[PDB]
Each structure stands twice: as structure tokens, then as C-alpha cells.
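This is upload-v8.cif (mmCIF, C-alpha atoms and all ligand atoms).
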data_input
#
loop_
_atom_site.label_atom_id
_atom_site.label_comp_id
_atom_site.auth_asym_id
_atom_site.auth_seq_id
_atom_site.Cartn_x
_atom_site.Cartn_y
_atom_site.Cartn_z
CA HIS U 1 10.56 -4.27 7.82
CA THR U 2 7.19 -5.68 6.82
CA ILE U 3 5.25 -7.42 4.02
CA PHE U 4 1.61 -7.32 2.85
CA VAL U 5 1.18 -11.10 3.06
CA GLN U 6 -2.52 -11.88 2.68
CA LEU U 7 -5.81 -10.25 1.67
CA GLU U 8 -9.31 -10.61 3.11
CA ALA U 9 -12.10 -9.85 0.61
CA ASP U 10 -15.82 -10.65 0.45
CA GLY U 11 -15.59 -12.63 3.76
CA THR U 12 -12.67 -14.90 2.75
CA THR U 13 -9.17 -14.50 4.13
CA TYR U 14 -6.89 -15.93 1.47
CA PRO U 15 -3.65 -17.83 2.23
CA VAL U 16 -0.25 -16.19 2.60
CA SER U 17 0.99 -15.08 -0.85
CA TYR U 18 -2.27 -16.13 -2.57
CA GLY U 19 -2.79 -13.57 -5.33
CA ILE U 20 -0.04 -11.32 -3.95
CA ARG U 21 3.41 -10.81 -5.45
CA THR U 22 5.24 -11.24 -2.14
CA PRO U 23 8.99 -10.94 -1.68
CA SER U 24 10.55 -13.44 0.73
CA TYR U 25 12.81 -10.58 1.99
CA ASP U 26 11.11 -7.82 4.04
CA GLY U 27 13.52 -4.95 3.27
CA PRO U 28 12.51 -1.42 2.18
CA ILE U 29 12.47 0.46 -1.10
CA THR U 30 14.18 3.86 -0.53
CA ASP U 31 14.56 5.23 -4.09
CA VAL U 32 11.18 6.67 -5.09
CA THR U 33 12.33 7.14 -8.70
CA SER U 34 12.87 3.33 -9.08
CA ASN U 35 10.48 1.08 -10.96
CA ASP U 36 10.69 -1.08 -7.81
CA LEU U 37 8.30 1.48 -6.19
CA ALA U 38 5.31 0.12 -8.15
CA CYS U 39 5.05 -3.47 -6.90
CA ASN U 40 8.38 -3.99 -5.10
CA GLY U 41 11.27 -5.92 -6.65
CA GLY U 42 14.95 -5.11 -7.08
CA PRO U 43 16.60 -5.80 -3.69
CA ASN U 44 13.38 -7.65 -2.74
CA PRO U 45 12.63 -10.01 -5.65
CA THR U 46 8.96 -10.99 -5.67
CA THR U 47 7.27 -14.36 -6.18
CA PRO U 48 4.92 -14.67 -9.20
CA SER U 49 1.29 -15.70 -8.62
CA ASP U 50 -1.25 -17.23 -11.01
CA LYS U 51 -4.19 -16.41 -8.68
CA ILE U 52 -6.72 -13.58 -8.91
CA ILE U 53 -8.96 -12.68 -5.93
CA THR U 54 -12.61 -11.64 -6.47
CA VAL U 55 -13.52 -8.32 -4.79
CA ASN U 56 -16.90 -6.54 -4.66
CA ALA U 57 -16.94 -2.88 -5.61
CA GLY U 58 -18.08 -0.84 -2.64
CA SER U 59 -16.78 -3.36 -0.10
CA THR U 60 -13.99 -3.10 2.46
CA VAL U 61 -10.95 -5.37 1.98
CA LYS U 62 -8.22 -5.96 4.57
CA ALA U 63 -4.53 -6.00 3.67
CA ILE U 64 -2.78 -8.07 6.37
CA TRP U 65 0.82 -7.18 7.24
CA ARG U 66 3.55 -9.35 8.86
CA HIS U 67 7.23 -8.89 9.56
CA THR U 68 8.05 -12.06 7.63
CA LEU U 69 5.95 -14.49 5.61
CA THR U 70 5.36 -16.84 8.58
CA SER U 71 5.18 -14.23 11.42
CA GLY U 72 2.24 -13.95 13.83
CA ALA U 73 -0.01 -11.16 15.02
CA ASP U 74 2.54 -9.68 17.48
CA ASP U 75 5.21 -9.36 14.76
CA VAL U 76 3.86 -6.95 12.15
CA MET U 77 6.55 -4.24 12.14
CA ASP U 78 8.94 -2.57 14.62
CA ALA U 79 6.89 0.02 16.53
CA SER U 80 9.60 2.67 15.90
CA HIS U 81 8.55 2.59 12.21
CA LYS U 82 6.05 5.37 12.41
CA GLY U 83 4.46 6.72 9.25
CA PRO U 84 1.46 6.67 6.94
CA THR U 85 -0.35 3.81 5.29
CA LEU U 86 -1.73 4.11 1.75
CA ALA U 87 -3.46 2.08 -0.96
CA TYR U 88 -3.88 2.48 -4.71
CA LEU U 89 -5.71 0.78 -7.56
CA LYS U 90 -4.75 0.40 -11.25
CA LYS U 91 -7.16 -0.94 -13.87
CA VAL U 92 -5.33 -3.56 -15.95
CA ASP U 93 -6.19 -5.79 -18.92
CA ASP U 94 -4.63 -8.86 -17.28
CA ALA U 95 -3.57 -8.98 -13.63
CA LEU U 96 -1.25 -11.93 -14.36
CA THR U 97 0.97 -9.85 -16.69
CA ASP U 98 0.76 -6.16 -15.75
CA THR U 99 3.84 -5.09 -13.74
CA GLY U 100 2.16 -1.92 -12.39
CA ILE U 101 5.10 0.18 -13.56
CA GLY U 102 3.85 3.41 -15.12
CA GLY U 103 0.52 5.23 -15.27
CA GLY U 104 -3.07 4.38 -14.32
CA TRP U 105 -2.87 4.51 -10.52
CA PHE U 106 -5.39 6.19 -8.24
CA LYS U 107 -5.32 6.54 -4.45
CA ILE U 108 -8.18 4.93 -2.52
CA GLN U 109 -6.90 4.92 1.08
CA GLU U 110 -4.55 6.96 3.22
CA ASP U 111 -3.92 7.19 6.98
CA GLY U 112 -1.39 9.77 8.16
CA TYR U 113 -0.82 11.42 11.53
CA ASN U 114 -3.91 11.84 13.68
CA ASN U 115 -3.60 13.54 17.09
CA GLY U 116 -0.27 11.81 17.74
CA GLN U 117 -1.16 8.41 16.24
CA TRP U 118 0.40 7.25 12.97
CA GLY U 119 -1.26 4.97 10.43
CA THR U 120 1.47 2.33 10.72
CA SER U 121 1.11 2.29 14.52
CA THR U 122 -2.60 1.54 14.15
CA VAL U 123 -1.92 -1.37 11.78
CA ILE U 124 0.68 -2.73 14.24
CA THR U 125 -1.68 -2.55 17.20
CA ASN U 126 -4.83 -3.84 15.49
CA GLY U 127 -3.23 -7.20 14.46
CA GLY U 128 -1.74 -6.09 11.15
CA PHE U 129 -5.02 -5.11 9.41
CA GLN U 130 -5.02 -2.24 6.95
CA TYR U 131 -8.63 -1.43 6.08
CA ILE U 132 -9.22 -0.38 2.46
CA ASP U 133 -12.56 0.76 0.98
CA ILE U 134 -12.98 -0.25 -2.67
CA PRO U 135 -14.92 2.50 -4.52
CA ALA U 136 -18.50 1.61 -5.39
CA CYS U 137 -18.52 3.50 -8.71
CA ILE U 138 -15.61 1.99 -10.67
CA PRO U 139 -15.91 -0.53 -13.53
CA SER U 140 -15.76 -4.30 -13.20
CA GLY U 141 -12.63 -6.09 -14.30
CA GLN U 142 -9.04 -6.81 -13.39
CA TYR U 143 -6.98 -4.45 -11.19
CA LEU U 144 -3.79 -4.34 -9.19
CA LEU U 145 -4.24 -3.30 -5.56
CA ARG U 146 -1.08 -1.72 -4.17
CA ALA U 147 -0.87 -1.47 -0.38
CA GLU U 148 1.88 0.52 1.24
CA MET U 149 3.40 1.29 4.65
CA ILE U 150 5.99 4.09 4.96
CA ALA U 151 8.37 4.26 7.97
CA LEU U 152 9.72 7.75 8.74
CA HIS U 153 11.99 7.06 11.74
CA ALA U 154 15.11 7.90 9.63
CA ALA U 155 13.37 10.26 7.15
CA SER U 156 15.11 13.51 8.14
CA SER U 157 17.82 12.59 5.57
CA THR U 158 17.38 12.29 1.80
CA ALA U 159 16.10 8.83 0.83
CA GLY U 160 15.85 7.92 4.53
CA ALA U 161 12.11 7.17 4.33
CA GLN U 162 11.49 3.41 4.03
CA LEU U 163 8.69 2.24 1.72
CA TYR U 164 7.13 -1.25 1.97
CA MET U 165 4.57 -2.24 -0.69
CA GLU U 166 3.06 -5.24 -2.44
CA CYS U 167 0.53 -5.70 -5.25
CA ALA U 168 -2.50 -7.99 -5.13
CA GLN U 169 -4.09 -9.33 -8.32
CA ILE U 170 -7.85 -8.75 -8.09
CA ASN U 171 -11.05 -8.96 -10.12
CA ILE U 172 -13.58 -6.30 -9.13
CA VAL U 173 -17.26 -7.19 -9.58
CA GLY U 174 -20.52 -5.20 -9.51
CA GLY U 178 -23.31 3.57 -13.97
CA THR U 179 -19.59 2.84 -13.53
CA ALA U 180 -16.55 4.98 -14.39
CA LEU U 181 -12.84 5.21 -13.60
CA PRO U 182 -11.47 8.38 -11.99
CA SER U 183 -10.88 11.38 -14.25
CA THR U 184 -7.27 11.70 -13.14
CA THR U 185 -4.68 8.95 -12.67
CA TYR U 186 -0.99 8.98 -11.84
CA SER U 187 2.33 7.21 -12.44
CA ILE U 188 4.34 5.02 -10.06
CA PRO U 189 7.14 5.87 -10.03
CA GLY U 190 6.16 9.56 -10.33
CA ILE U 191 3.76 10.28 -7.44
CA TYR U 192 6.62 10.71 -4.94
CA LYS U 193 9.73 12.88 -4.87
CA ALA U 194 12.59 12.60 -2.35
CA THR U 195 11.92 16.24 -1.31
CA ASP U 196 8.19 15.71 -0.57
CA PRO U 197 7.28 17.24 2.84
CA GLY U 198 5.85 13.88 3.96
CA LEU U 199 8.97 11.93 2.95
CA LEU U 200 11.84 14.29 3.87
CA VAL U 201 10.58 15.03 7.38
CA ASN U 202 11.64 15.04 11.00
CA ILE U 203 8.79 13.36 12.87
CA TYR U 204 10.44 13.98 16.25
CA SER U 205 9.60 17.72 16.00
CA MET U 206 5.81 17.27 15.46
CA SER U 207 3.17 17.92 18.11
CA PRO U 208 -0.30 16.27 17.74
CA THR U 211 -0.03 18.90 9.99
CA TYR U 212 1.60 15.95 8.21
CA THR U 213 1.24 16.11 4.42
CA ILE U 214 0.59 12.56 3.24
CA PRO U 215 2.59 11.89 0.06
CA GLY U 216 0.99 11.26 -3.31
CA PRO U 217 -2.16 12.42 -5.07
CA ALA U 218 -5.46 13.33 -3.51
CA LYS U 219 -7.64 10.38 -2.62
CA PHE U 220 -10.29 9.49 -5.19
CA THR U 221 -13.94 9.99 -4.11
CA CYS U 222 -16.92 8.61 -6.05
CA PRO U 223 -18.91 11.39 -7.85
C1 LIG X 301 2.72 19.40 3.75
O1 LIG X 301 2.26 20.47 2.93
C2 LIG X 301 1.24 21.26 3.53
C3 LIG X 301 0.96 22.46 2.63
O2 LIG X 301 -0.06 22.13 1.71
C4 LIG X 301 1.58 21.75 4.94
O3 LIG X 301 0.37 22.07 5.59
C5 LIG X 301 2.34 20.74 5.80
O4 LIG X 301 3.00 21.43 6.84
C6 LIG X 301 3.37 19.98 4.99
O5 LIG X 301 4.44 20.84 4.64
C1 LIG X 302 -13.43 13.10 -2.25
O1 LIG X 302 -13.82 13.66 -1.00
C2 LIG X 302 -13.08 13.32 0.17
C3 LIG X 302 -13.38 14.35 1.26
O2 LIG X 302 -14.76 14.33 1.55
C4 LIG X 302 -11.56 13.26 0.00
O3 LIG X 302 -11.02 12.42 1.01
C5 LIG X 302 -11.11 12.80 -1.38
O4 LIG X 302 -9.81 13.25 -1.60
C6 LIG X 302 -11.97 13.40 -2.49
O5 LIG X 302 -11.83 14.81 -2.52
CU CU X 303 12.28 -1.98 9.08
LI LI X 304 -13.93 12.26 -10.71
#

Structure rendered as C-alpha cells:
Amino acid sequence: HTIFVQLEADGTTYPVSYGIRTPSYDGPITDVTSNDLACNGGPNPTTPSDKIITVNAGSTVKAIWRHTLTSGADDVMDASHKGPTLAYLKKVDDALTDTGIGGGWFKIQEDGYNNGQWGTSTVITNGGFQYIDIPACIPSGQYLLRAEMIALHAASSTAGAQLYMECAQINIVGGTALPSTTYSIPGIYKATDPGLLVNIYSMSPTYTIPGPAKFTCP
């Protein structure tokens, strides 16, 4: 149970919920066919924002995670909630109106299982920071940035995987082109994916991270 509550970009750490469509409730999405998968919603209604955060292309941003909106650095997520972390971008005409539901998404970050250490565990232990590299080669303009943590502690059953995501409203600044291939959310995940329907208690130090291949600048 966790929420992407604030974003650091270009040397500024913005306030809780600034530019981020945060739910007040920290519960999971478990149906990967739901439109709620894009930017949360449904059982976790989100709070609208009229703010857009400036982000330099080619820079690293930091998605900061907390158990609840007012939690501190020792209360990111239950350490049992082992799984991957991921991040996606979608180019949008207007970050104040686009719901993120549908096509246009591309993966820009993923952290799976590395010699016994899960991506979520690293975010928990490093103070709730998920590090995300914004591609250098993409066009300026408005985007949604979707950051995600997936807990797999109950994932050996269908729809047992727990997905926690929020969308930040950003304006990317600074030879440019979008990726050739983009994807739909919902669409990228299926309940039978080998990284979602999985028994993590039988792994020794390959985990197949769900979703499309990460975009790399050409
Ligand atoms: C995810 O899928 C790959 C096959 O591409 C496997 O290496 C892995 O065990 C998991 O099933
Ligand atoms: C660009 O290249 C890197 C590997 O060097 C991948 O992480 C990415 O998926 C894309 O192929
Ligand atoms: Cu939880
Ligand atoms: Li490409």
C-alpha cells in the first residue's frame, strides 16, 4: 500500500500532490484490464491538479513514494511487498485534460529482480526514491509520467499481483522524435503474464518484467 506523492525534477522537489493526480486512499489496482490501470482511480479516486511540472529532457527525475500522503521516510511500503518498479511516458496535447487511458505509452524505466533484490525493496530502503531517466531525444511538450510499483507477495493466484501507480503532469523542455512503437494502458499487461502470475518464493537469485521493452534513444 503506497502512493507516488511528490516529484523532484530539475533540482526542485515539489510539494505533496503538486502536479500529481494522487488518491487519498493507498489501495491497489488488481484488474489489469481496467481503465483504472492508466492513472489509478476506481476504488482509489484521485484528486485533480491544475499544476504542470517543468522537466528537462535527458535529466533524471525522482518519483517519491509514501505509504500515505503525510507519511515519512520510514513508511514507504510494507517490506513484504516485493516486486518491480516501472515508469512510462505518454505525449499529450494538454496534461490538464488527458486521462492517460488508451494508447501512446512508452516504457522509460524498469527495475526487476537483481541477484535477490527487488526494485520495490530498493525504493523502500533508499528513502522512497524511484530514479527515472527522461530520454534526451524526445520532443518538447506536455506528457504524463506514470510511475508504478508492483507487489507480488500474493501473486501466485490470478489477479493477486497488486499494482500502485500515479500520473504526474509534466512539460518536457529541450533532432527530436518520439519512439517508433507505443502501447496501450490498459493493454500492456495480462493476468497470465509470467511477471504477474508468479510465485516469488520459489526464485533463487530470471524474472520477466511485465510490459513492453524499454525505449532507448536511437
Ligand atoms: C519470463 O519470460 C522469459 C522468457 O522470455 C523467461 O526467461 C522467464 O523465466 C519468465 O518466464
Ligand atoms: C535500448 O537498449 C537498452 C539495452 O542497451 C534496453 O534497455 C532498451 O530496451 C532498448 O533496447
Ligand atoms: Cu499493500
Ligand atoms: Li526507435

For this session: Can you pull out every residue within 12 Å of residue 183 of chain U, counting all atoms listed in the file, but drop anything in the same chain fewer than 2 positions away, and send it as an MDAnalysis selection string?
Result: chainID U and resid 104:106 138 180:181 185:186 220:223

Problem set entry | Test item: residues no farther than 7 Å from ligand CU 303 (chain X), counting all atoms listed in the file, as a ChimeraX atom specification | /U:1-2,27-28,77-78,81

Problem set entry | Non-local contacts of residue 11 of chain U (10 Å; only C-alpha atoms; under 4 positions in same chain excluded) as a ChimeraX atom specification | /U:55,60-62

Save out the residues we just selected, C-alpha atoms, as a PDB file, in the coordinates of the input.
ATOM      1  CA  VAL U  55     -13.520  -8.320  -4.790  1.00  0.00           C
ATOM      2  CA  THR U  60     -13.990  -3.100   2.460  1.00  0.00           C
ATOM      3  CA  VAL U  61     -10.950  -5.370   1.980  1.00  0.00           C
ATOM      4  CA  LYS U  62      -8.220  -5.960   4.570  1.00  0.00           C
TER       5      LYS U  62
END

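Taking atom CA of residue 198 of chain U as the reference point, atom CA of residue 110 of chain U is found at 12.5 Å.
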
Exercise. Rounded to one decimal in Å, what is the spacing between atom CA of residue 191 of chain U and atom CA of residue 146 of chain U?
Worked result: 13.3 Å

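Of the residues under consideration (U:127, U:112, U:45, U:103), U:112 shows the shortest atom-to-atom contact distance to ligand LIG 301 (chain X) when counting all atoms listed in the file.
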
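Ranking U:179, U:14, U:194, U:168 by their shortest atom-to-atom distance to ligand LI 304 (chain X), with only C-alpha atoms and all ligand atoms included, puts U:179 first.
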
Problem set entry | residue 64 of chain U surroundings by only C-alpha atoms, 10 Å radius, close-in-sequence under 5 positions cut, as number ranges by chain | U: 3-8, 13, 16, 73, 76, 123, 127-131, 147

Distance table requested - chain U against ligand LIG 301 (chain X), cut-off 6 Å, only C-alpha atoms and all ligand atoms: one row per qualifying residue with the closest atom pair and its distance in Å to one decimal, ordered by chain and rising residue number, as a Markdown table.
| residue | atom | partner | partner_atom | distance |
| --- | --- | --- | --- | --- |
| U:197 | CA | X:LIG301 | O5 | 4.9 |
| U:211 | CA | X:LIG301 | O4 | 5.1 |
| U:212 | CA | X:LIG301 | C5 | 5.4 |
| U:213 | CA | X:LIG301 | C1 | 3.7 |

Exercise. So how many Å separate atom CA of residue 134 of chain U and atom CA of residue 36 of chain U, to one decimal?
Worked result: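 If I compute the distance from atom CA of residue 134 of chain U to atom CA of residue 36 of chain U, I get 24.2 Å.
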
Problem set entry | Surrounding residues of residue 29 of chain U excluding itself and chain neighbours under 4 positions, 9 Å, only C-alpha atoms, as a ChimeraX atom specification | /U:34,36-37,40-44,161-165
